[PDB]
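So you can see what is in the structure, the chains are spelled out below.
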Amino acid sequence: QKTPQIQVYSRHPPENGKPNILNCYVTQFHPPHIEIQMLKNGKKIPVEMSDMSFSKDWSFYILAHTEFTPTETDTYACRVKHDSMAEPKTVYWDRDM
Amino acid sequence: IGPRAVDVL
Amino acid sequence: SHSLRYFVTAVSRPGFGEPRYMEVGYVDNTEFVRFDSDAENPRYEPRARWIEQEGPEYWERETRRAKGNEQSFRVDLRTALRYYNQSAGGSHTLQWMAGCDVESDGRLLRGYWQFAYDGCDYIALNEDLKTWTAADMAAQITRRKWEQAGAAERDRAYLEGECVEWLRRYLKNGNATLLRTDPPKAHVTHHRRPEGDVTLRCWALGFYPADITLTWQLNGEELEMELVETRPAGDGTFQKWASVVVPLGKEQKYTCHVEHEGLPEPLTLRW
Ligand SMILES: [K+]
């Protein structure tokens, strides 16, 4: 069992008001069964998922994304459930990272 | 083109 | 040098029915074909424009090979259950990587043919392309069967033969895409901290392929640095950043350095 590493970030440098894409990039997990959700102010967004790949160390990776328009005040997150962890792991978008 | 895994475990 | 590689995964689905079965092909780390048994009428599919030049014969023979592999993988999964004394009701995965790394002169630099069960090394063809490394007792049983069958000889024939030959063909036909590069567009961002000092973040954006070096220097010595893993933009290009914490008013003494195969030379920038 290998624990997923997550990054949450925009496609383009985030412009309040300018339309963009939010990504949730999940890597280094095994087994391949995983549940990934994207949240906007705590609520589930209805999200495309890349097809699954594995890397040369056998561990899987996938890219979730969704269309979005950043504002001063909207918070966003990626939540991941996988058998390697007791509890879902939530990572919040930081617009500077 | 890709390989064929014809020998089984 | 260049590489052609196939990455294959089978995942068993306890109850009744076929395992999930997937194959993906790469030339120098970029995906060009895929097969997925969960598609409606599953075929080998192109994943880039350049490989679409291949005719219906290619697509049909590759689809057939994938479906043949699906059956071998099904047998493989059931055999693995017996060797490890596992029950039918759990999900298990078998992965395989095979392919060739080839030099300028056309020499085969390394061939690969290796398997993992449930995420751990199972059996691998050694660099000599004649003997197998077996991770455990199950894989020793497999090894003895493959030694008797002369598996390695046939595997090596693919890796030295078709693998090399097809890689050269793909590079000839698709080198505009496969060898394409997009240099990084870099900039520095400036973030005052509550502590009164500044984070400088050096961004590299829009680059292809993935490999890049980002560093920070102070008085032209390297150094303190936070550095995210290279990540996909979602449009085929990659992103990375590196950051340091510096005094407010001393931003100008720090330089960010970017090396990437798409650049005519190393990039040097500041706030
Ligand atoms: K192929």
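Residues numbered from 1 in each chain as written, not as in the entry; some residues may be left out. Chains lettered and ligands numbered in written order. Heavy atoms only, no water. Residues with missing side-chain atoms left out of burial classes, pairs and counts.

For this coordinate set, the PDB header names X-ray crystallography as the determination method and states a resolution of 1.801 Å.

Chain C carries the name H-2 class I histocompatibility antigen, D-D alpha chain in the PDB entry, which gives Mus musculus as its organism. Looking at the header, the entry is titled "Structure of Pyruvate dehydrogenase phosphatase regulatory subunit epitope presented by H2-Dd". For chain C, the Function comment in UniProt is given as "Involved in the presentation of foreign antigens to the immune system." Among the UniProt annotations of chain C, the heading Subunit holds the following wording: "Heterodimer of an alpha chain and a beta chain (beta-2-microglobulin)." (UniProt positions renumbered as here; feature names shortened; annotations may be inferred.)

If you check the PDB entry, chain A appears there as Beta-2-microglobulin from Mus musculus. According to the UniProt record, the Function comment for chain A reads "Component of the class I major histocompatibility complex (MHC). Involved in the presentation of peptide antigens to the immune system." Under the UniProt heading Subunit, the entry covering chain A gives this text: "Heterodimer of an alpha chain and a beta chain. Beta-2-microglobulin is the beta-chain of major histocompatibility complex class I molecules. Forms a heterotrimer with MR1 and a metabolite antigen."

(A) Representation of the side chain of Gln7(A) in the model. Mapped onto the elements of the fold, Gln7(A) is located in strand β1 (residues 5-10). When its relative accessible area of 13% is taken as the criterion, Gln7(A) is described as buried. Side chain to side chain, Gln7(A) and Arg231(C) meet in a polar contact 2.9 Å long. Contacts of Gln7(A), omitting those with residues within four sequence positions, involve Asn23(A), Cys24(A), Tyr25(A), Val228(C), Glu229(C) and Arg231(C). (Helix = DSSP H or I, 4+ residues; strand = E, 2+ residues; numbered from the N terminus. Buried < 20%, exposed > 50% of the residue type's maximum accessible area, 1.4 Å probe, protein only. Polar contact = N/O pair within 3.5 Å; in protein donor to acceptor, adjacent residues only side chain to side chain. Contact = heavy atoms within 4.5 Å.)

(B) Quick peek at the sheet that holds strand β12 (residues 221-222) of chain C. Residue and element names in this part refer to chain C. Spatial strand order, β12-β11-β16-β17: 4 strands in an open sheet with antiparallel pairing. The open sheet has two edge strands with one neighbour each: β12 and β17 (267-269). Two strands pair when backbone bridges link them, and strand β16 (residues 254-259) and β17 are joined in this way by 3 bridges, in the antiparallel orientation. Paired with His257 across the strands is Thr268, a residue of β17. (Pairing = 2+ DSSP bridges.)

(C) How the structure looks around the UniProt feature "disulfide bond" in chain A. Residue and element names in this part refer to chain A. UniProt's annotated cystine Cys24-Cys78 is reproduced in these coordinates, with an S-S distance of 2.0 Å, under 2.5 Å. Under the relative-accessibility criterion, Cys24 is labelled buried at 0%. Look at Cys78 and you get buried, because its relative accessible area is 0%. (Disulfide = S-S within 2.5 Å.)

(D) Fine view of the interface of chain C and chain B. Contacts between the two partners involve 31 residues from chain C, matched on the other side by 9 residues from chain B. Between chain C and chain B lies a buried interface of about 1,700 Å² when both sides are counted; carbon and sulfur atoms form 63% of it. The largest contributions to the chain C side of the interface with chain B come from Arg65(C), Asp76(C) and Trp146(C), which together make up 25% of the buried area. Ionic pairing is found between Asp7(B) and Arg154(C), a salt bridge with its closest N-O pair at 2.9 Å. (Buried area = accessible area lost by both parts, 1.4 Å probe. Salt bridge = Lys/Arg side-chain N within 4 Å of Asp/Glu carboxyl O.)

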